[PDB]
Amino acid sequence: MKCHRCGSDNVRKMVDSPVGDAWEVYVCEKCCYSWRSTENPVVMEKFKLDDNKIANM
Amino acid sequence: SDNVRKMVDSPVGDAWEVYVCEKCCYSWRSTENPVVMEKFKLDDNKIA
Amino acid sequence: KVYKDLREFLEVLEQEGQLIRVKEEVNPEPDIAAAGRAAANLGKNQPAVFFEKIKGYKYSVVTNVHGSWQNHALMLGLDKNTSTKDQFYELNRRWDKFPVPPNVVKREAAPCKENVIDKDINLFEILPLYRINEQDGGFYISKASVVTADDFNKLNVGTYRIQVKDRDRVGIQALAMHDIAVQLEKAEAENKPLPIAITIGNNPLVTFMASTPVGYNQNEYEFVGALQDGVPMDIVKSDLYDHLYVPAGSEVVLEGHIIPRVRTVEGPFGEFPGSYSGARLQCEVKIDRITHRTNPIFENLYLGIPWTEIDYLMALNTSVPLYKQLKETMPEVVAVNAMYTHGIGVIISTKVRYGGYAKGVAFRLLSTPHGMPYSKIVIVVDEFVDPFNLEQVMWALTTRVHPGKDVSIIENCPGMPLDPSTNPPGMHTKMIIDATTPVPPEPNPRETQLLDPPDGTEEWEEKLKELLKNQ
Amino acid sequence: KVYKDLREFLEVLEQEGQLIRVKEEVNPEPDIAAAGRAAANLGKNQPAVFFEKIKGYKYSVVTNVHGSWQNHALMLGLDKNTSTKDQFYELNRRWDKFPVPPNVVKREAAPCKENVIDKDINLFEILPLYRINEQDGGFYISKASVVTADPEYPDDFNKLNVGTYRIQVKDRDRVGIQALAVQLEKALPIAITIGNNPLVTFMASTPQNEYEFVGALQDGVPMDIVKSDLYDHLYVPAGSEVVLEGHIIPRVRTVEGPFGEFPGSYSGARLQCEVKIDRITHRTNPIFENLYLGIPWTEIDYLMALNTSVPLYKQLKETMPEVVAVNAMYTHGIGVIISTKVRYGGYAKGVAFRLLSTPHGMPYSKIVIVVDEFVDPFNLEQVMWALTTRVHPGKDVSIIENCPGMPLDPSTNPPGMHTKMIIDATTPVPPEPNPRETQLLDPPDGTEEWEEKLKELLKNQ
Amino acid sequence: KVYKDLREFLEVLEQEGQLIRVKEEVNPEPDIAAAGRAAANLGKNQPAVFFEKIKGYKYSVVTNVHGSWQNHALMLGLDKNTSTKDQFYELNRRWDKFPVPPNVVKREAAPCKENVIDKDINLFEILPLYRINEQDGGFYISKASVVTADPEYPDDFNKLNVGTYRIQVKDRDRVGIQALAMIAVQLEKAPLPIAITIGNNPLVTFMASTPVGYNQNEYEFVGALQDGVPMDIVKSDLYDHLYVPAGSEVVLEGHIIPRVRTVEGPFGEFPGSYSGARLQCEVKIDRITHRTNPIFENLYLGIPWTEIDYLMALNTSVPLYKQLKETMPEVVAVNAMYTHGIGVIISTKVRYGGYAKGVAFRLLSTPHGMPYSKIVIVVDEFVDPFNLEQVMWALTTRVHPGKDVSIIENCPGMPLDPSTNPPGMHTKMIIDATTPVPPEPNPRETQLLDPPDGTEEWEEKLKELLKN
Ligand code: NA
Ligand code: NA
Ligand code: NA
Ligand SMILES: [Zn+2]
Ligand SMILES: [Zn+2]
């Protein structure tokens, strides 16, 4: 599993769904992007991040 | 560039030959003394 | 009407047909966001939407609480069909009416202390967090009142977007908090934390006060007492920090602190002009304790292309103080409508003392602390025109505006980057539009006599409203 | 979704909470006029006001029948909360459904033809006449549909002309009418119907003007008409509350007015024509449907809004398919808001130019705002958003002098000439450079389905 | 008048003293282009120039076929000295006529199928290709009619599309083309077949050059220009859905190469400047059909005026006039002959005060006038918009620059206009040079010197006495 915004492999599971086994929340340690297991995030080309772009911030 | 080719030879008679570059598609006749003005000449950077 | 918490206000909305209850379980994304957008799209009388069950979560969500003129009027304790102009007048009457200090209550009397979480802090175990817009950087808390400071009456309360970074960590733009702007240097220079409180699910007027433009210096609990026509509000000391006081009725209270010398990607997120913001490095807050009411309600806000809820939260909040500033120096001004994109568009209704005076009123607005960098389009109409009735303003534009002389364009004026059409960025080319009737010594190409309303019109307005209340 | 008279529409209004009944007795002045003004002043959901008892009169009055978008939606047979844009689209759809000739019915079947007065005509014994505005020259019939034959084909009820004109009462059986508003040289019969089906009044206030058009407006359902009692070439709606059959008195000009006009001012008093009422035909217990007009918006604005916008939209769409909608609802189209797709850089100004060269847009339209395809041109809050975020006044605002104008605009100088203003409130498109491009907060997936679901839940709660 | 092919028109031009034959052998590179430029430079009665012998080439070349008002008049079958205004009204008459569908003939009857080259396809064995301008990126085909089908209704030979496209010779059987200027809605989802016809009846080229905004690029339109007489077409030798003129000198069947972009350019364009060298599409030539002794009909273009300007003048003026006329019957004439319509002069009666600016607005919202027309001058109904000194009189006596000159920014522009800033965007300029009409006030009324009675009769009489 890789980050949908910066492509990093450093993805950590944030939390499990408090009730039941419905979903999980994943977060990238490199760029702070988070998303849910049940959603299919497609990041717009203009919103993707790169090391060259994070360095500029 | 160096990658040129002979596209055509003159029909009736042997009066000229048409040569062409394979990188920018520029062509010219053998009987021409062409001078590609500086604003027109191109390099690999501009093609990209 | 006075509200001690969010729950009584939701009750009032439900009794008035201004709240829809969603009983079937819904998914966090995109059901809640889509329902907020649809509620905003219903036209008029837009209701708040209450989600009773969200898959995977234990508690409830309410959205679009402020997203209508009906909900706004009910927030002010008036009949839900009170006109926008009349709501503006009520707000102006209450704006400076009373200096009233909030009453401090014991911890045992604050419903926001009913439950305490001290060690294994997990925001997802309390708030049903979801993604508000498709390209947001994460799950956001978009309608929180943040409290920052040794006095509980020199406290600053404001709204800031709160991006969830972890079960215990969150993001914030401390650059937009002056009280934190000064203390952040001294805190980060000693790696000493900076205390902070995040309140969720408040009495509507507290959220309103937290949204008031920071320049007007009305973001204190005392102003809430002013808005309630002199009735104070109850506050309780924070559990962990003795100088931070939070509303007693808040659904959820997040006591925490800014982590020193930490900066990370925050965003993108929606902003009131209707577009995504950029991702920028900002501050992070660790949550040390969570106090909440039994069965907490997550009051969250959707924002998209205007108009959505935030537009109502800012509309008269921007209009009233602009009107007070204009009125102080120019008594002819009747009303000021600055409800369009945080006052980028402004419609002033005024009496024209003499020829050309309308452009003078526009100049005064363009020299106020807020209108000078923000207001880009300023329309001036006659005193009998309702500047909150856009049909009437269109009538004034069509019958009184001569574009050869009544439309003035001025380059190289103070601007604001939030306007994407600026060129150069951050600079404004202002546009003044004089839509008032010519007054001497201005020549009038064709004088006309307006159809003044018949006698007894106001009495009949009240009568017809009473007759409609019986249906 | 089709009405045969005014009473069925009134009952629809009442069942939908859009009609107030004033049971108490009211005085003719200024209570009826002031109540019309107040009803208009309610801003949203404005209902029609029905007075059951007016002092000194025997019958009842109804006002502000069209004075709301809820009333407008119910007139078209739609849900009362249908948006203005959706009403625009529905009206545009029905606009071109030409083959719907009206049905002619017998005299015994016309509710119009129940009671007849052929001697000692007295208008005041049927219509509770009152003064609409203070400086009016007299009592006025401000919402009548006037039927006259066309001189090109006098005896052809398929070529008649129906319209609305202010009718001033000069005597118990004599009224005043605006002459110049062909056969008036050679010689004149005329019919004045009051209390009609709302779509009939809609057709009458549209600059086509036949009963066939009402049939089209009813989605192909034809309306019923009847021959006049004294004039075989004049036909009136069969469900009319009151019908005045009369004629124009030749070589007679009397002072008429002043009276209010839709730009919000009194007109002057001018020499106009007089009509003599030869016969009155009416339903039992008739209802005087009359209209208030003052500073906009009032009922007449709803009578003029969408039947001005739709023709302009069709004309623009013929050559410019990218046009999504036209909002020409402000003072008979002096202000227009066009929602369009921008094919390439600068296209918005081209759309504005096309509108400014149409038969109606050229002399009338003074302020033309152009917005993007996703912006609702009928939602002025969205238009304000477009102006505030998209308009750079240095490049997007064009002021053109020496252009066609219209005298009805008091601010024109020279009078009857315009200085046009075009405001391009669209987002830049290549090859126009963008000072900084932004990604719009596109609506979440499933928004429309959720609109439907929320409406359904609200209706059941 | 009707022409079955280019040779018929060349015969008419020759018998009218409008064609020059160059018997002496000439060189390809300098001579042909210089002769085109010289013929244009003659300024009046410019003839078509026919080169019989070219160094190293078997076949012949013809240029400046359309290059004068005399050649233009002869193309329409009028007297070769007919005025430009009279030619405008003649073309306006013919534009209305019913478009007769083209006549389909069999392969054995088409002169353009006399010879077929299918194996050793080499463009140089037939067309004497040369260099039109010194800085041109190669040898160019500048006056070809390209035939393409439209995939909306692709099996209808009455729905075919014929255009004029810059063709850069790249190889023996490969050329270049600007696909984005044609081949767009059908290319993304893709080879695409193409036919390239050289040496056609002048009305065929005229139709293929009509601005695309009018949708007049069909064979049936030629039937209107020939006064109800259809033209003859044949099926393509390789593609059963493509049809080419029956009497074309040379026909090039081929297709657009998928996923291939090559540097095309530069090429001198009608504004008198070189175009840029951009990445464009390539076309493989698969089969050549041609007439015996084919004549390469090629066009020179430089600083206006040259043949391209005559090919475009009334071709642009008449459709603009008709579009205006549909809703504005007061319009008398439109002269849009200047740089493909960047400058336009409209003559009209003013219905009421301000009407002139309304006519300008209508022009600025037509499909062609909206992106192209930058300077729009409106003149009264008696001013001849083709007489530029009369237009100058109207400007000097009628234009008050304080109110009659309107500058509108952020308007649709034309990329080949070199002064555009930002490039591709226009700041339109409307100039009202009409006399004020009520309700507009007139600062001083004047009584114009109306022409004396009998002026037209005396025009005819003076012409007759001149002929002796
Ligand atoms: Na003024
Ligand atoms: Na623009
Ligand atoms: Na003029
Ligand atoms: Zn990442
Ligand atoms: Zn090369």
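Numbering of chain C is taken from Swiss-Prot, so the residues present carry the numbers 3-151, 157-478, in order.
A Cβ is built for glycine as well, from the same backbone N, Cα and C atoms used for every other residue.
Going by Swiss-Prot, these are the annotated features:
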type: BINDING; residues: C:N163, C:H185, C:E227; note: Mn(2+) binding site
type: BINDING; residues: C:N163, C:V164, C:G165, C:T166, C:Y167, C:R168, C:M184, C:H185; note: prenylated FMN binding site
type: ACT_SITE; residues: C:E278; note: active site, proton donor
type: REGION; residues: C:443-466; note: region 'Disordered'
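A map of Swiss-Prot features onto the structure.
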| residue | record | Cβ neighbours (10 Å) |
| --- | --- | --- |
| C:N163 | Mn(2+) binding site | 17 |
| C:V164 | prenylated FMN binding site | 25 |
| C:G165 | prenylated FMN binding site | 20 |
| C:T166 | prenylated FMN binding site | 21 |
| C:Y167 | prenylated FMN binding site | 20 |
| C:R168 | prenylated FMN binding site | 24 |
| C:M184 | prenylated FMN binding site | 22 |
| C:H185 | Mn(2+) binding site | 13 |
| C:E227 | Mn(2+) binding site | 19 |
| C:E278 | active site, proton donor | 17 |
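The residues of the region 'Disordered' (C:443-466), classed with DSSP into helix (H, G, I), strand (E, B) and coil, number 3 helix, 1 strand, 20 coil. Checking each of the recorded positions C:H185, C:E227, C:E278 against C:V164 (prenylated FMN binding site) by C-alpha distance, the shortest gap belongs to C:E227.
Between the C-alpha atoms of the residue listed as 'active site, proton donor' and C:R168 (prenylated FMN binding site), the distance comes to 10 Å. Secondary structure at C:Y167 (prenylated FMN binding site), taken from DSSP and collapsed to helix, strand or coil, is coil. In this structure the residues listed as binding prenylated FMN are C:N163, C:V164, C:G165, C:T166, C:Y167, C:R168, C:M184, C:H185; their two most distant Cα atoms lie 16 Å apart. If you take the Cα of C:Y167 (prenylated FMN binding site) and the Cα of C:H185 (Mn(2+) binding site), they are about 12 angstrom apart, rounded to a whole number.
Rounded to a whole number, the distance between the Cα atoms of C:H185 (Mn(2+) binding site) and C:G165 (prenylated FMN binding site) is 11 Å. The separation of C:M184 (prenylated FMN binding site) from C:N163 (Mn(2+) binding site), Cα to Cα, is 9 Å.
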